[PDB]
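K.L.:
I have a structure here, written as C-alpha cells, and I will follow up with some questions on it.
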Amino acid sequence: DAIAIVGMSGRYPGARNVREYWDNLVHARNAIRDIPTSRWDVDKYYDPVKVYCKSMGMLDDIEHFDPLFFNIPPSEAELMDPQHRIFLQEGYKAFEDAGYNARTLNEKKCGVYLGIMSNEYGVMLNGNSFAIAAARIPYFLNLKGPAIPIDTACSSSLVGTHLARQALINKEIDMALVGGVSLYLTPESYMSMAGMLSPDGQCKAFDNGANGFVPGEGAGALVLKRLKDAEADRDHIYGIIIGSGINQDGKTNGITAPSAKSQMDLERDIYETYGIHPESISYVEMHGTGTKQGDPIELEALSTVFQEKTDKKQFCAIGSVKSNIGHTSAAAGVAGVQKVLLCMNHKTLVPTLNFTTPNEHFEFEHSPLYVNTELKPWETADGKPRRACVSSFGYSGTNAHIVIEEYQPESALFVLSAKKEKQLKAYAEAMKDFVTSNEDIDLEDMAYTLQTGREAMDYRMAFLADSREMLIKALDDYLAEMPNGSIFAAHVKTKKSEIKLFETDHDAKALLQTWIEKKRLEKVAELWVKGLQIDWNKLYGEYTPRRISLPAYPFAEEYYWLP
Amino acid sequence: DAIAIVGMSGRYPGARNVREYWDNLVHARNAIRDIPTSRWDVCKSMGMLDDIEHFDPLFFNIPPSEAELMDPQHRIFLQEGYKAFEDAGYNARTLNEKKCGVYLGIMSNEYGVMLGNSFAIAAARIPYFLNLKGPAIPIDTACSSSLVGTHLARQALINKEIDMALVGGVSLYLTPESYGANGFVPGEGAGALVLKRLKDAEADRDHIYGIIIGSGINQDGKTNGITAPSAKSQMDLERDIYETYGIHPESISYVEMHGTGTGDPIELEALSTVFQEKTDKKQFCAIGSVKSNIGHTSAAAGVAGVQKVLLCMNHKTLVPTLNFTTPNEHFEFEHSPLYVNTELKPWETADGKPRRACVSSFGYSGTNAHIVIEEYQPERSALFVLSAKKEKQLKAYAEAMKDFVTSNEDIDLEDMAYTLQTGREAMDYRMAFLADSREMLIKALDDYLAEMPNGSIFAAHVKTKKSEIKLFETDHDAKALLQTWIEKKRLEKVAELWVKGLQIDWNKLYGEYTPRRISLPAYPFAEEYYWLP
C-alpha cells in the first residue's frame, strides 16, 4: 500500500545538507554560478553563437572523501569516480538520518536503486561501472536486497523510486535506499548544448523567456519502507508515497522530444489506478527544465488531466527547484521529492524562481494550475493531509511521476562518537549548530537517537543536560576544551583495562544494570565513553522516546583526484 | 501469475540465429576462436560475433551517417529486438501504442569512448522505432543484467503496469583494454525475449515457448572482495524463490548454471544444499552451462541461457555441457541431487508432468538473479506472402523461408501462411504464391529465386502499381467482388492484387477454423558496413 520515507540526505548546489537546502528554498536563493577555472576555462570553449553556456549549479568539494571510514585504501580513492564516492557518503548518511546504523542494517533485505548517467571520471583515467556504483553501499553495510543502477537520464532517480516501491509492496525487500548522483566534470559532457542549454544560464521554468536549462550537480538519497513496518518500528516519517508510475514517450519528433499524450496517460493512469483525485493535490514539482517546447507541453498535459476531473481553478501551485539549483540530471527526481517533503514538514510553500511572464503557449487563468512565487503557508482544508506530485522526464523518453501525501501521526544523557578525534570535534560542532538553529528540539528524543540511532565508534564523548542552553554550553565547553565536570571523553582503545571489570564480574554487571535502571547517568556516561556496552533500552520504562532527524556523520574532508 | 515467453531472437558466437544456436548445442559445438588481427593484434581467445559492423539503418529510419556514430551494441540489439517481435508474430501495426516495456542488459561503453550512445538511449531505440509506451530501462548489473531485466519485466506484467515486455542483453568486446576450471573466456552476444501474462498469451493465441513460474534477485552484500561470491546469498535467493512460489526442488530436472568456470564450487554447493533441504533423491537434476559452448556473453548471459533452456524443452532434449573431463575436486557429485550432463539425450519426465528448469546469473558487482521456467503444455491450397523494403532483401527473405521449410519437414502449411499474412508487415516489395504441399512450396520459392517462370508466383513493387489497384479500393461492388474472392476461394486473384498493394482482410479467408501463428524466420536485414567515421 503506502510507502513511508523514513530518512533522507541531500547535497546540492549551495547546500551541503537538506537543512541548508531548506534554508535556501525559503529565501528564494539561486545557487547558479559562473564556472570557475578550477573546473575548466570557459573562455577556451565559449562562443556565443564550443559551449554557449558559462553557468552551472555546482557542488562544492567534489574531490573530498573519507576512504578510511569505508575501509577503502586511500590510493583506491583516487581511482574512484567521485560520483561513487559522494553517493556512498550521502547514501550512508540517509540511513543515519533515519536512525539506522551498521549493526541494525547488517543482513537487511534492503534494495539499492541508484540514478546515474555519466562516466566522465572513468574516461579521464584512460572499478567505475554503474554496477559497482550501486553495489558500494550493499558491500559496505552487508545489505542483501538487489543493487541496481538506473540510467534513464534525468528521470533516473524517480524511476528507481518506482521500482523500489513495487519491490517493497511485493514484499521482495524490507527496505530501500533510492537515490541519484550527477556531476559535470568535463567541458565535453556539460557541453552538449544539441540545443539543450540556456545561453542566460537559468532554468526559466514556466516563463515565456524559457530557452533551455542550466546543468546542475547533486547527490541525494531516500530511505523507504512499507508504512506498516515504519509505524511498527517507530521510525520518524517524512511523508508517504501513495502512487507512482513510469512509461515511455515512444515515437516522437526526434528521440529527445517530449510527448504530450504520454505525459497525460502517465498521470491519468496513476490517478485512476490509485484512486487519487486531482482536486486533492495542491502542489506539483514539475520537471520544469525551462525548455521552450518542453515547458508548455508539460503544463498542457498536467492541466488537461486535472481538468478532466474538476472545474475548480487555480487550486494547485506548481514550481521547479531547477529554478534554484539548475538541472541536476540523475539526481533531479530525488531533489524534487526532498523539496516537497520539506515543504510538507514545514507546512510551507516556497517560491519558484525566474518567472516574470507566463509562457504564451499556455493560458493559466482558467487552469487548475498557478505558478507560485510566494513564500506562504501551505493551506489545507478540513482535516486533510497535503498532497503533492513530482514529475521527472528523461531525454531518452522514459517518464516517471509520483504522488506524495503528508504523514499525520497519532536530565538526558547525550552521547557522540567518531572514527577519528577530529571528526568527533566536527560532530560536536554540527550538533551545536543544529541545536542552536532548532530551538524546539525534544531533548529526550535527541538523546535517544544518539544512543540507539548511531554506531558507537572509537572516539567518544558524553554529557548530561536538562535544557537547550545546558546542552549548548556543554558542547561549547567540549570544543573550547574548558573544564566541565559533566563532560566525559575517551578513546576506547586506551581504556580496555578500566572496563574489563564490568564485562566479566557478575556483581559488577549487576551494579551496572542497577545503575542503568535507576538512571545514574553520570556513571553510565563515564563507562560508555571508555567503551562499555550499555543496554540503552533499560534506560526507559513506561515511556520510550522516539528517533528523530539529526545531523549525520561528518566525513573527513580529504582531497583525492586523478593519480 | 505465470509469464509466457511468446517470442525470441538470438545472435551468439557461431550462431546467426536461434535455429543455428540449437543446432550447435545439439552437436556439442564450441564457438571459441583465436582473436584475429582484424579485431586487434594479440588470453588470446574469444566467443565472437561475426560482422558486428553490419546494420540496416534505412529500415529503422536512421540516416546512414548516424549509423557510424552508433554503438554497434545499440545497432545489433535494435535488430535482434525487432526480430523477437516478428518471431512472436507481431508487427509495426500491431505494436503501435502498445504498453510494452523494454528492459535491456548492457554493461560497456567501448564504441562511445573510441569515438547518442548512452545506456538510456540504447534501451529507448526500440520504443522510439515502434512507438511503444512501456518504460524503457537499461540494466547494468554486470553479467546478471538480462536476468535482472527479466525479473523486473515479470513483476511489471504481474502488477499490470505493462501488457508486454521485451527483455534482452547485448555485449561486445571491442578493445584490447577491456580484456580444470581456470577462469572464463569472454563471449559476445545479443538476445531478446517477448513476454506476456499467460492468460493474455492464450486469449491472443500466441505461440508459447514456455512459462516463467518464479524469479528473484538479491545481493551478495559484504564478501571477501567485491567480486567474490556468497554461498549464503545464492542459497537464500534460491530458497526464497522456491518457497514464495511453491516450487519443490524434486520437480526441477535441469539447471543452467552461471557456471563461468572459475566460483564453480560455491555455486554447486549452494544449489545442492538447497535441493537437499527438501529431497533425499540423488542425481535427478542435470546441470550445464552454455558458456562452455559460446563463452561468457556477459550482459547477454542470462538471455542466452534462458533461450537454451526453452529450446531444450521445445525439443524435449538435453544437450551436452562441454569441457568436462573430471569433476571439480571441491564438490562431491555422487550423493548430490545434481549430475553434469555430457550427453545428447531425451529429456525425460514422469507421468506427463511438465519439465521444469532454472537459470542462474550472478554479477561481479554482487547482484544475483535466478528464474524458474516450466514447459508449456497446450490443449487445400494456402496463400503464401512475403515482403521486404528492398528487392534484395525480399530475395534473402525467400531464401530464408526455403531453408526453413527444407529443414522442417513437419511444418503446418496453413499455420505458416497464416503467420506470413497476419504476423508480418506488408512492405513495398512483394511476392505471393499458392501451394498445397511442402514440395510445391519449396518448388515455388526455388522458381522465384531461380527466376523460372511459374504460374503460381506473383511479384510487384507496390509503388509502381497504384493506378492498377484503385479500381478495388473505393467502389462498392469491386469490394464485394474482392470479398467474394476472399469470401472465399480464388486465392490466385487475392494474390495478384495483394502483391500490387491492395489491402486484404486476412480474417475473411477463415471461417471457424483459424490457423495459429508460429515461429518463422524474421526480417533479413541489409548487411551494410558502418564503423568509426
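Ordering of the C-alpha cells sets the chain letters (A, B, ...), residue numbers begin anew at 1 in every chain, and ligands are numbered from 1 in the order given.
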Excluding residue 96 (chain B) and any residue of its chain fewer than 6 positions from it, enumerate the residues within 10 Å of it, using only C-alpha atoms, and give them as a list in words.
P.N.:
residues 250 and 251 of chain A; 127, 129, 130, 131, 132 and 133 of chain B
K.L.:
What are the nearest atom pairs, with distances in Å to one decimal, for all residues of chain A that come at most 7 Å from chain B, using only C-alpha atoms, set out by chain and rising residue number as a tab-separated table?
P.N.:
residue	atom	partner	partner_atom	distance
A:130	CA	B:140	CA	6.4
A:131	CA	B:141	CA	4.8
A:132	CA	B:365	CA	5.4
A:135	CA	B:365	CA	6.0
A:138	CA	B:221	CA	5.1
A:139	CA	B:222	CA	4.4
A:140	CA	B:222	CA	6.2
A:141	CA	B:222	CA	6.9
A:142	CA	B:221	CA	4.3
A:143	CA	B:221	CA	5.0
A:144	CA	B:219	CA	4.5
A:145	CA	B:218	CA	4.8
A:146	CA	B:218	CA	4.3
A:147	CA	B:367	CA	5.8
A:148	CA	B:141	CA	6.2
A:149	CA	B:140	CA	6.5
A:150	CA	B:139	CA	6.8
A:151	CA	B:120	CA	5.4
A:152	CA	B:120	CA	4.8
A:153	CA	B:120	CA	6.1
A:246	CA	B:135	CA	5.8
A:247	CA	B:135	CA	4.1
A:248	CA	B:133	CA	4.5
A:249	CA	B:133	CA	6.2
A:250	CA	B:131	CA	4.2
A:251	CA	B:128	CA	4.4
A:255	CA	B:128	CA	6.7
A:396	CA	B:121	CA	5.3
A:398	CA	B:135	CA	5.6
K.L.:
Quick one, how far is CA of residue 362 (chain B) from CA of residue 258 (chain B)?
P.N.:
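Atom-to-atom, CA of residue 362 (chain B) to CA of residue 258 (chain B), that is 6.4 Å.
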K.L.:
Within 8 Å of region 429-446 of chain B, counting only C-alpha atoms, which residues show up once you throw out same-chain ones fewer than 2 positions away? Write them as an mmCIF file with C-alpha atoms, in the first residue's frame, please.
P.N.:
data_model
loop_
_atom_site.group_PDB
_atom_site.id
_atom_site.type_symbol
_atom_site.label_atom_id
_atom_site.label_comp_id
_atom_site.auth_asym_id
_atom_site.auth_seq_id
_atom_site.Cartn_x
_atom_site.Cartn_y
_atom_site.Cartn_z
ATOM 1 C CA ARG B 380 -6.247 -27.436 -49.954
ATOM 2 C CA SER B 381 -4.083 -24.564 -51.211
ATOM 3 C CA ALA B 382 -2.695 -21.917 -48.874
ATOM 4 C CA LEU B 383 -1.642 -18.402 -49.837
ATOM 5 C CA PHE B 384 1.964 -17.555 -49.017
ATOM 6 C CA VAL B 385 3.015 -13.907 -48.894
ATOM 7 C CA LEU B 386 6.415 -12.278 -48.408
ATOM 8 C CA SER B 387 7.560 -8.660 -48.458
ATOM 9 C CA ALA B 388 10.631 -6.518 -47.798
ATOM 10 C CA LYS B 389 11.710 -2.882 -48.063
ATOM 11 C CA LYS B 390 14.123 -3.625 -50.905
ATOM 12 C CA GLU B 391 14.053 -6.316 -53.592
ATOM 13 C CA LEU B 394 12.899 -9.930 -50.461
ATOM 14 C CA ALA B 398 12.655 -16.110 -49.784
ATOM 15 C CA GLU B 399 15.942 -17.971 -49.315
ATOM 16 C CA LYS B 402 13.098 -22.095 -48.293
ATOM 17 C CA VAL B 405 10.853 -25.318 -44.909
ATOM 18 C CA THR B 406 13.568 -27.656 -46.187
ATOM 19 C CA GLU B 409 9.582 -31.500 -42.794
ATOM 20 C CA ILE B 411 5.728 -27.609 -40.894
ATOM 21 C CA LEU B 413 1.436 -25.090 -44.167
ATOM 22 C CA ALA B 426 3.192 -5.873 -45.805
ATOM 23 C CA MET B 427 6.053 -3.772 -47.155
ATOM 24 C CA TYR B 448 11.160 -17.447 -57.610
ATOM 25 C CA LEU B 449 14.852 -17.418 -56.715
ATOM 26 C CA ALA B 450 15.999 -19.038 -59.961
ATOM 27 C CA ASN B 454 5.801 -20.313 -62.576
ATOM 28 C CA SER B 456 1.562 -19.717 -59.206
ATOM 29 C CA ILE B 457 4.023 -16.900 -58.482
ATOM 30 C CA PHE B 458 3.222 -13.183 -58.290
ATOM 31 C CA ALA B 459 5.574 -10.289 -57.577
ATOM 32 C CA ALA B 460 5.429 -6.494 -57.733
ATOM 33 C CA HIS B 461 6.764 -3.245 -56.342
ATOM 34 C CA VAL B 462 3.763 -1.574 -54.788
ATOM 35 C CA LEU B 491 -6.615 -17.245 -53.966
ATOM 36 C CA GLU B 492 -4.765 -16.543 -57.215
ATOM 37 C CA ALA B 495 -2.560 -12.953 -54.523
ATOM 38 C CA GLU B 496 -2.232 -10.839 -57.673
ATOM 39 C CA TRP B 498 -2.080 -8.212 -52.744
ATOM 40 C CA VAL B 499 1.321 -8.023 -54.378
ATOM 41 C CA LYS B 500 0.165 -4.914 -56.245
#
K.L.:
Any idea what the distance is between CA of residue 45 (chain B) and CA of residue 185 (chain B)?
P.N.:
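According to the coordinates, CA of residue 45 (chain B) and CA of residue 185 (chain B) are separated by 6.8 Å.
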K.L.:
Quote the spacing between CA of residue 84 (chain B) and CA of residue 32 (chain B) in Å to one decimal place.
P.N.:
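Those two atoms sit 25.3 Å apart.
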K.L.:
Using only C-alpha atoms, determine which residues lie at most 10 Å from residue 524 (chain A), disregarding the query and same-chain residues fewer than 6 positions distant; provide the list as an mmCIF file with N, CA, C and O atoms, in the first residue's frame.
P.N.:
data_model
loop_
_atom_site.group_PDB
_atom_site.id
_atom_site.type_symbol
_atom_site.label_atom_id
_atom_site.label_comp_id
_atom_site.auth_asym_id
_atom_site.auth_seq_id
_atom_site.Cartn_x
_atom_site.Cartn_y
_atom_site.Cartn_z
ATOM 1 N N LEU A 413 20.969 11.876 28.755
ATOM 2 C CA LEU A 413 22.372 11.550 28.536
ATOM 3 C C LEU A 413 22.737 11.611 27.056
ATOM 4 O O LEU A 413 22.307 10.774 26.265
ATOM 5 N N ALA A 462 30.497 12.215 26.025
ATOM 6 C CA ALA A 462 29.152 12.138 26.578
ATOM 7 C C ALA A 462 28.965 13.162 27.692
ATOM 8 O O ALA A 462 29.917 13.516 28.388
ATOM 9 N N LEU A 512 26.196 -2.337 37.393
ATOM 10 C CA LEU A 512 25.971 -1.578 36.167
ATOM 11 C C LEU A 512 24.508 -1.620 35.737
ATOM 12 O O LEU A 512 23.938 -0.600 35.349
ATOM 13 N N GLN A 513 23.902 -2.800 35.805
ATOM 14 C CA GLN A 513 22.495 -2.949 35.450
ATOM 15 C C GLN A 513 21.580 -2.166 36.385
ATOM 16 O O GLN A 513 20.590 -1.580 35.943
ATOM 17 N N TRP A 515 22.546 0.585 37.943
ATOM 18 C CA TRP A 515 22.831 1.976 37.596
ATOM 19 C C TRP A 515 21.972 2.431 36.452
ATOM 20 O O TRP A 515 21.332 3.481 36.531
ATOM 21 N N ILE A 516 21.954 1.648 35.376
ATOM 22 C CA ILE A 516 21.192 1.966 34.172
ATOM 23 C C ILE A 516 19.700 2.042 34.480
ATOM 24 O O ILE A 516 18.973 2.863 33.921
ATOM 25 N N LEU A 532 32.454 0.681 27.369
ATOM 26 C CA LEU A 532 31.498 -0.272 27.919
ATOM 27 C C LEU A 532 30.202 -0.275 27.111
ATOM 28 O O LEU A 532 29.653 0.780 26.793
ATOM 29 N N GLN A 533 29.748 -1.470 26.749
ATOM 30 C CA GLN A 533 28.469 -1.626 26.069
ATOM 31 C C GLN A 533 27.318 -1.387 27.039
ATOM 32 O O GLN A 533 27.209 -2.050 28.071
ATOM 33 N N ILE A 534 26.466 -0.428 26.695
ATOM 34 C CA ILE A 534 25.306 -0.105 27.515
ATOM 35 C C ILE A 534 24.044 -0.596 26.815
ATOM 36 O O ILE A 534 23.900 -0.444 25.602
ATOM 37 N N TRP A 536 20.765 0.365 26.211
ATOM 38 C CA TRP A 536 20.045 1.632 26.291
ATOM 39 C C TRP A 536 18.584 1.470 26.591
ATOM 40 O O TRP A 536 17.969 2.356 27.186
ATOM 41 N N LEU A 539 17.224 1.972 29.987
ATOM 42 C CA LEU A 539 17.184 3.341 30.491
ATOM 43 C C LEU A 539 15.747 3.852 30.537
ATOM 44 O O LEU A 539 15.461 4.894 31.127
#
K.L.:
May I have the residues within 8 Å of region 467-483 of chain A as a list in words, using only C-alpha atoms and disregarding those fewer than 2 positions away in the same chain?
P.N.:
residues 411, 425, 428, 429, 432, 435, 436, 439, 443, 463, 464, 465, 485, 486 and 487 of chain A
K.L.:
Dump N, CA and C atoms for the selected residues as a PDB file, in the first residue's frame?
P.N.:
ATOM      1  N   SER A 411      17.078  15.316  33.322  1.00  0.00           N
ATOM      2  CA  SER A 411      18.306  15.263  32.540  1.00  0.00           C
ATOM      3  C   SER A 411      18.289  14.130  31.518  1.00  0.00           C
ATOM      4  N   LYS A 425      35.130  16.132  16.951  1.00  0.00           N
ATOM      5  CA  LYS A 425      35.057  17.579  17.132  1.00  0.00           C
ATOM      6  C   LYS A 425      34.116  18.207  16.109  1.00  0.00           C
ATOM      7  N   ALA A 428      30.517  17.366  17.161  1.00  0.00           N
ATOM      8  CA  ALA A 428      30.041  18.244  18.223  1.00  0.00           C
ATOM      9  C   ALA A 428      29.669  19.619  17.680  1.00  0.00           C
ATOM     10  N   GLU A 429      30.445  20.108  16.718  1.00  0.00           N
ATOM     11  CA  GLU A 429      30.176  21.396  16.089  1.00  0.00           C
ATOM     12  C   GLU A 429      28.865  21.366  15.310  1.00  0.00           C
ATOM     13  N   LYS A 432      25.941  21.296  17.805  1.00  0.00           N
ATOM     14  CA  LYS A 432      25.757  22.595  18.439  1.00  0.00           C
ATOM     15  C   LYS A 432      25.015  23.552  17.512  1.00  0.00           C
ATOM     16  N   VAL A 435      21.352  22.381  17.269  1.00  0.00           N
ATOM     17  CA  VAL A 435      20.595  22.725  18.467  1.00  0.00           C
ATOM     18  C   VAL A 435      20.342  24.227  18.537  1.00  0.00           C
ATOM     19  N   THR A 436      21.373  24.996  18.210  1.00  0.00           N
ATOM     20  CA  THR A 436      21.261  26.447  18.131  1.00  0.00           C
ATOM     21  C   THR A 436      20.164  26.885  17.165  1.00  0.00           C
ATOM     22  N   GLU A 439      15.273  25.621  18.026  1.00  0.00           N
ATOM     23  CA  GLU A 439      15.022  25.966  19.419  1.00  0.00           C
ATOM     24  C   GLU A 439      14.013  25.041  20.095  1.00  0.00           C
ATOM     25  N   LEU A 443      14.637  17.149  23.691  1.00  0.00           N
ATOM     26  CA  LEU A 443      15.936  16.702  24.180  1.00  0.00           C
ATOM     27  C   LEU A 443      15.989  15.198  24.410  1.00  0.00           C
ATOM     28  N   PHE A 463      27.728  13.614  27.869  1.00  0.00           N
ATOM     29  CA  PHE A 463      27.412  14.616  28.881  1.00  0.00           C
ATOM     30  C   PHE A 463      25.926  14.613  29.217  1.00  0.00           C
ATOM     31  N   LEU A 464      25.592  15.181  30.371  1.00  0.00           N
ATOM     32  CA  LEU A 464      24.204  15.359  30.776  1.00  0.00           C
ATOM     33  C   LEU A 464      23.755  16.786  30.487  1.00  0.00           C
ATOM     34  N   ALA A 465      22.477  16.932  30.153  1.00  0.00           N
ATOM     35  CA  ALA A 465      21.849  18.243  30.039  1.00  0.00           C
ATOM     36  C   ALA A 465      20.347  18.081  30.233  1.00  0.00           C
ATOM     37  N   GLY A 485      32.666  19.478  34.618  1.00  0.00           N
ATOM     38  CA  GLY A 485      32.660  18.238  35.386  1.00  0.00           C
ATOM     39  C   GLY A 485      31.638  17.223  34.911  1.00  0.00           C
ATOM     40  N   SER A 486      30.764  17.639  34.000  1.00  0.00           N
ATOM     41  CA  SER A 486      29.727  16.753  33.486  1.00  0.00           C
ATOM     42  C   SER A 486      30.049  16.259  32.079  1.00  0.00           C
ATOM     43  N   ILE A 487      31.224  16.623  31.573  1.00  0.00           N
ATOM     44  CA  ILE A 487      31.669  16.148  30.267  1.00  0.00           C
ATOM     45  C   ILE A 487      32.654  14.993  30.417  1.00  0.00           C
TER      46      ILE A 487
END
K.L.:
Could you pull the residues within 6 Å of residue 112 (chain A), counting only C-alpha atoms, minus those fewer than 5 positions along the same chain, as a list in words?
P.N.:
residues 147, 176, 177 and 178 of chain A
K.L.:
Let me see the file: selected residues, C-alpha atoms, as a CSV table (one decimal), in the first residue's frame.
P.N.:
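After the write, out.csv holds the following:
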chain,number,residue,atom,x,y,z
A,147,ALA,CA,21.7,-3.4,-6.1
A,176,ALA,CA,15.1,0.5,0.0
A,177,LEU,CA,17.7,3.1,-0.4
A,178,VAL,CA,16.9,5.2,-3.5
K.L.:
Using only C-alpha atoms, which protein or nucleic acid residues come within 12 Å of region 382-386 of chain A? Drop anything in the same chain fewer than 4 positions from it, and give the result as a PyMOL selection string.
P.N.:
chain A and resi 239-240+242+279-284+316+340-341+343-349+377-378+403-409
K.L.:
List every residue of region 234-380 of chain B that DSSP, applied to the backbone of this structure, assigns to strand (DSSP E or B), and report them as a ChimeraX atom specification.
P.N.:
/B:252-256,285-288,296,317-318,338-340,345-346,356-362,367-374
K.L.:
Please write the residues from the selection above to a file, keeping N, CA and C atoms, as a CSV table (one decimal), in the first residue's frame.
P.N.:
chain,number,residue,atom,x,y,z
B,252,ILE,N,12.3,-30.1,-10.4
B,252,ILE,CA,13.3,-29.5,-11.3
B,252,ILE,C,14.3,-30.5,-11.8
B,253,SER,N,14.5,-30.5,-13.1
B,253,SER,CA,15.3,-31.6,-13.8
B,253,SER,C,16.5,-31.1,-14.6
B,254,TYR,N,16.5,-29.7,-14.8
B,254,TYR,CA,17.7,-29.1,-15.3
B,254,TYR,C,17.9,-27.7,-14.7
B,255,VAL,N,19.2,-27.4,-14.5
B,255,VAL,CA,19.6,-26.1,-14.1
B,255,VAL,C,20.8,-25.6,-15.0
B,256,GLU,N,20.5,-24.5,-15.7
B,256,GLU,CA,21.5,-23.8,-16.5
B,256,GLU,C,22.3,-22.9,-15.5
B,285,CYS,N,18.7,-34.2,-11.2
B,285,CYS,CA,18.8,-32.9,-11.8
B,285,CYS,C,20.1,-32.7,-12.6
B,286,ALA,N,20.0,-32.7,-13.9
B,286,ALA,CA,21.1,-32.4,-14.8
B,286,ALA,C,21.5,-30.9,-14.7
B,287,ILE,N,22.8,-30.6,-14.7
B,287,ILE,CA,23.3,-29.2,-14.8
B,287,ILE,C,24.2,-29.0,-16.0
B,288,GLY,N,24.2,-27.8,-16.5
B,288,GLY,CA,25.0,-27.4,-17.6
B,288,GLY,C,25.3,-26.0,-17.7
B,296,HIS,N,31.6,-16.5,-22.2
B,296,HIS,CA,30.9,-15.7,-21.2
B,296,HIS,C,30.3,-14.4,-21.8
B,317,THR,N,14.8,-32.4,-25.2
B,317,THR,CA,16.1,-32.9,-25.4
B,317,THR,C,17.1,-32.1,-24.5
B,318,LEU,N,17.9,-32.9,-23.8
B,318,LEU,CA,19.0,-32.3,-23.1
B,318,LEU,C,20.3,-32.4,-23.9
B,338,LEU,N,22.4,-33.4,-8.0
B,338,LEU,CA,23.0,-32.8,-9.2
B,338,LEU,C,23.9,-33.8,-10.0
B,339,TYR,N,23.8,-33.8,-11.3
B,339,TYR,CA,24.8,-34.5,-12.1
B,339,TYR,C,25.1,-33.7,-13.4
B,340,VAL,N,26.3,-33.7,-13.8
B,340,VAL,CA,26.7,-33.0,-15.0
B,340,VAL,C,26.3,-33.8,-16.2
B,345,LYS,N,20.7,-36.4,-25.2
B,345,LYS,CA,19.7,-37.4,-24.8
B,345,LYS,C,18.3,-36.8,-24.7
B,346,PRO,N,17.3,-37.7,-24.7
B,346,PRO,CA,15.9,-37.3,-24.4
B,346,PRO,C,15.8,-36.8,-23.0
B,356,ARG,N,10.6,-28.8,-15.8
B,356,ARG,CA,11.0,-27.6,-15.2
B,356,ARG,C,12.5,-27.4,-15.1
B,357,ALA,N,13.0,-26.2,-15.4
B,357,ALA,CA,14.4,-25.9,-15.3
B,357,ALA,C,14.6,-24.5,-14.6
B,358,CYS,N,15.8,-24.3,-14.2
B,358,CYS,CA,16.2,-23.0,-13.6
B,358,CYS,C,17.4,-22.4,-14.4
B,359,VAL,N,17.5,-21.1,-14.4
B,359,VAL,CA,18.6,-20.3,-14.9
B,359,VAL,C,19.2,-19.4,-13.8
B,360,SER,N,20.5,-19.5,-13.5
B,360,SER,CA,21.2,-18.7,-12.6
B,360,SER,C,22.1,-17.7,-13.3
B,361,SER,N,22.1,-16.4,-12.9
B,361,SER,CA,23.1,-15.5,-13.4
B,361,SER,C,23.5,-14.5,-12.3
B,362,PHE,N,24.9,-14.6,-12.0
B,362,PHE,CA,25.5,-13.8,-10.9
B,362,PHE,C,26.5,-12.8,-11.5
B,367,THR,N,25.1,-8.5,-7.6
B,367,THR,CA,23.6,-8.6,-7.8
B,367,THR,C,23.3,-9.9,-8.5
B,368,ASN,N,22.5,-10.8,-7.9
B,368,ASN,CA,22.2,-12.1,-8.4
B,368,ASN,C,20.8,-12.2,-8.9
B,369,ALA,N,20.6,-13.1,-9.8
B,369,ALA,CA,19.3,-13.5,-10.3
B,369,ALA,C,19.1,-15.0,-10.6
B,370,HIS,N,17.9,-15.4,-10.5
B,370,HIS,CA,17.6,-16.9,-10.6
B,370,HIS,C,16.1,-16.9,-11.1
B,371,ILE,N,15.9,-17.6,-12.2
B,371,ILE,CA,14.5,-17.8,-12.6
B,371,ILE,C,14.1,-19.3,-12.8
B,372,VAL,N,12.8,-19.6,-12.6
B,372,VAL,CA,12.3,-21.0,-12.8
B,372,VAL,C,11.4,-21.0,-14.0
B,373,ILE,N,11.7,-21.8,-15.0
B,373,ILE,CA,10.9,-22.0,-16.2
B,373,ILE,C,10.2,-23.3,-16.3
B,374,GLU,N,9.0,-23.3,-16.7
B,374,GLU,CA,8.2,-24.5,-16.9
B,374,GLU,C,7.8,-24.7,-18.3
